[PDB]
Amino acid sequence: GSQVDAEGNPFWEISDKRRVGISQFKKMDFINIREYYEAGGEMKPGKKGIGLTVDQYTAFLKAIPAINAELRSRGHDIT
Amino acid sequence: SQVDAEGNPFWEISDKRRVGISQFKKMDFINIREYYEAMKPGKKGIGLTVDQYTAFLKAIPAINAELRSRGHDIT
Amino acid sequence: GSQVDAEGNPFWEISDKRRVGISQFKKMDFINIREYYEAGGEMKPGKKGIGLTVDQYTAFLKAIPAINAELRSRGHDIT
Amino acid sequence: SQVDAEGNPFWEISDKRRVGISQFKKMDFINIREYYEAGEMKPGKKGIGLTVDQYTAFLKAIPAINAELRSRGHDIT
Amino acid sequence: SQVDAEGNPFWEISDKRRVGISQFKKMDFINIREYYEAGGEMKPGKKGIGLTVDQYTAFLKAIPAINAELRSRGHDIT
Amino acid sequence: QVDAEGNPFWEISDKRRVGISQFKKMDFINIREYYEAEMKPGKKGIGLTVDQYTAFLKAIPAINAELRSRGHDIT
DNA sequence: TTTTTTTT
DNA sequence: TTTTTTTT
DNA sequence: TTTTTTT
C-alpha cells in the first residue's frame, strides 16, 4: 500500500529493501526504483537503483503488456 | 520489440535506457538500465526479480493516480 | 556445525545448496531456511526460501515431536 | 495439530504461516509455507519444501541454533 | 568417455548411474552417483558417494581382491 | 577383514569401506561410509550390481588417465 | 559499469 | 500463488 | 566511523 516518507514523498515497497517512489527535483517529477539501506532505524536510498523521468516511466508502462506475456510463456503467474 | 546481442528482448524507454528480460542461471530478471556504447550496460539501473516486478505492477494504478494529481497525463 | 558467513552470521548446511542461518534485519533476529547459489566464489542466499521470526521458530519447535511421530509411521528413521 | 483440505496435517506457526507434511510423487515433504485466504486456505509463493533427509539434517542443527538464539537473548525451551 | 554440462568428464555404468570427476574447493572428487532427468539434462541426485583421490586409490588397491571373491561366487570378470 | 554380517571389506579410509554383500539373492559391491556403534553403515554411499561394477572396471583406465593429467599420482 | 535472505 | 536431488 | 535517490 501507498506509504509516505518525511518529505511527504509517496512510496510503495516491492521487497524488504526495495521501493518505488515519487520525488520532485529541479521542478520535475521522478519515479525511483531503488534499494534502501537502514540508517538509524530509518530507510535511506542507496546506490543501486534508477530514477525515471515521467516520460521514461510512461514508455515503460507501454512495454508492460509485452513483458507480461513473455514472462507467462516462461511459466510465471502474472496477474 | 527489439532483440539484443545476447538474444534477450528489450524495449527502449530513452536514447540510452532499456527495459529487458534476461535469464541468469535459469532465473528471470526484469532489467531497467542505462546503456553506453561499446551498447553495454552501465551503472544506473536495477535487476528486478519476478516477485518484485509483480509487486511493482500492483502498485501501478496508485502511482499513476499520484502522478495524475501532480498534473501528468497517464492513460 | 556452526559455520560463519561473510558478514558474521552463523549458518548450518543441511544440503549442498540449502542452509539454515541466523541474521538481523530491522534490528530483529530471523531464522532463514533458504537455498543458496554459487557466484564468483562464495555461496549467496537465493530467492527460494522462508525467513522466520523467533516466535515463528519456537512455534515450529513445539511442532517437532508430532512431526517426527508422523514421519516414523511412514517408515522414516528419526533420531 | 490440524488437517488441511488435501487431508494433510499442519501445525500453525503464525496467523498466515504453516508447517505441514505432504505426499507428492510418493515422497514425503516437510513444508514451511505462507498461506492466503480464498473462500478456503491456499499455499503461497513464500516457502520451502524439505526432503526428510534435509529435515533430519535440520533436527541435527537445532541444538546449535538454539544455543545461538539464547546467546542473543531469546528465551528458548 | 564423455563430458557433462558443467564441463567435467564422466562414464556411464548403468541407465541412470555415472562415474564422474569434478573439482570442488580445489580438490578432485570421483563421484559414483545416481542422476535424474529434470530439464532434459541429467543432474546428480541424492544417492551416491564422492571419493577423494586417496580413497579412490585405496579402492583400486582392493580391486584384485574384490574380483577374486566375485569370481569364486561365479561371476565373470575381465 | 570381516564385518558383523560375515561379509568381507576393505578400508579405503578411516570411516569408509569397500565391501561385498549378498541381499535378496544378488551380489553387491558396496562403497559406503560407516559410523561408530560395532561399526554400522551410514546413509551416504552406493551399492553396485556386479554389472555396474564391471562397467566401472572398464572406465578405470580412462579415469586414471584424466586424474593423472590433473597431476595426481596413480600407479 | 547487470542479474536472487529477513514478519505482523 | 507448493511439494527434492553431487563433491572428504 | 565505516559507500549509498532523482535525465
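That block above? That's the structure.
Residues numbered from 1 in each chain as written, not as in the entry; some residues may be left out. Chains lettered and ligands numbered in written order. Heavy atoms only, no water. Residues with missing side-chain atoms left out of burial classes, pairs and counts.

## Here we look at the sheet that holds strand β1 (residues 2-3) of chain E
- On the basis of which strands lie adjacent, the open sheet formed by five strands has the order β1-β2-β3-β4-β5 (chain E) and antiparallel pairing. At either end of the open sheet lies a strand with only one pairing partner, and these are β1 and β5 (43-52) of chain E.
- Across three bridges, strand β2 (residues 9-12) of chain E lies against strand β3 (residues 17-24) of chain E in antiparallel orientation. Looking at β3 of chain E, one finds that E12 of chain E is bridged to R18 of chain E.
- Sheet contacts for helix α1 (residues 53-61) of chain E: β4 (27-36) and β5 of chain E; angle to β5 of chain E, the most-contacted strand, approximately 75°.
- Helix α1 (residues 50-69) of chain F rests against β2, β3 and β4 of chain E of the sheet, and its axis sits at about 25° to β3 of chain E. (Pairing = 2+ DSSP bridges. Helix = DSSP H or I, 4+ residues; strand = E, 2+ residues; numbered from the N terminus. Contact = heavy atoms within 4.5 Å. Axes fitted to C-alpha atoms, helices over the stretch in contact; angles between N-to-C directions.)

## Focus: the arrangement of the chains
- Here chain A and chain E are not in contact; the least distance found between their C-alpha atoms is 14 Å.
- In this structure chain C stays clear of chain E, and the shortest span between their C-alpha atoms is 10 Å.

## Quick look at the interface of chain E and chain F
- Every contact between the two is made by 37 residues of chain E and, on the other side, 36 residues of chain F.
- Carbon and sulfur atoms make up 72% of the surface buried where chain E meets chain F, a total of about 3,200 Å² over both sides.
- For the chain E face of the interface with chain F, the top three residues by lost area are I49, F59 and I66 of chain E, together amounting to 17%.
- At the boundary of chain E with chain F, the tally comes to two salt bridges. (Buried area = accessible area lost by both parts, 1.4 Å probe. Salt bridge = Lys/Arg side-chain N within 4 Å of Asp/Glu carboxyl O.)

## Some remarks on the protein's contact with DNA strand G
- Residues in contact with DNA strand G amount to 33 residues; listed here are only the nearest, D16 of chain A, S22 of chain B, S23 and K47 of chain C together with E34 of chain D.
- Near-protein atoms of DNA strand G (within 4 Å) split between backbone and bases, with sugar and phosphate holding 49%.
- A distance of 3.4 Å is found between a base oxygen of DNA strand G and a side-chain nitrogen or oxygen belonging to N31 of chain B.
- In this structure, a base oxygen belonging to DNA strand G sits 3.4 Å away from a side-chain N or O atom of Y36 of chain B. (Near = heavy atom within 4 Å. Polar contact = N/O pair within 3.5 Å; in protein donor to acceptor, adjacent residues only side chain to side chain.)

## Structural notes on α1 of chain E
- Among all positions of α1 of chain E, only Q55, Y56, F59 and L60 of chain E are buried. Looking straight down α1 of chain E, one finds its buried side chains confined to an arc of 145°; they lie on one side.
- Taken together, the buried residues of α1 of chain E touch β4, β5 and α2 (63-72) of chain E together with β2 (16-23) and α1 of chain F. (Buried < 20%, exposed > 50% of the residue type's maximum accessible area, 1.4 Å probe, protein only. Arc of directions from axis to C-beta.)

## Structural notes on the protein's contact with DNA strand H
- Around DNA strand H, a shell composed of 33 residues is seen, among which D16 and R18 of chain C, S22 of chain D, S22 of chain E together with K44 of chain F lie nearest.
- Protein-adjacent atoms of DNA strand H, using a 4 Å cutoff, are sugar or phosphate at a proportion of 47%.
- Side-chain polar atom of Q54 of chain D to a sugar or linking oxygen of DNA strand H: 3.4 Å apart, as the coordinates give it.
- Within the side chain of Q55 of chain E, a nitrogen or oxygen atom sits 3.1 Å from a sugar or linking oxygen of DNA strand H.
- It is β4 of chain E that provides the largest number of residues to the surface near DNA strand H, a total of six residues.

## Re helix α1 (residues 50-69) of chain B
All names here are of chain B.
- Helix length check: α1 (20 residues) gives 29 Å between terminal C-alpha atoms against 28 Å at 1.5 Å per residue, within 8%.
- Considering bend angle alone, the principal kink of α1 is centred on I60 and spans about 45°; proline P61 follows within four residues of it.
- Immediately beyond the C-terminal end of α1, within one or two residues, lies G71, with a positive phi of roughly 100°. (Expected span 1.5 Å × (residues − 1). Bend = angle between axes of the 7 residues up to and from the residue.)

## Notes on the sheet that holds strand β4 (residues 27-37) of chain D
- With antiparallel pairing, the five strands of this open sheet are ordered in space as β1-β2-β3-β4-β5 (chain D). Each having just a single partner strand, β1 (2-3) and β5 (41-51) of chain D make up the two edges of the open sheet.
- Note that strand β2 (residues 9-12) of chain D and strand β3 (residues 17-24) of chain D share three bridges and pair antiparallel. Note that in β3 of chain D the partner of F10 of chain D across the bridge is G20 of chain D.
- Taken strand by strand, helix α1 (residues 54-72) of chain C contacts β2, β3 and β4 of chain D, and its axis lies near 25° from that of β3 of chain D.
- Here helix α1 (residues 52-71) of chain D sits on the sheet and contacts β4 and β5 of chain D; the angle it forms with β5 of chain D, its principal contact strand, is near 75°.

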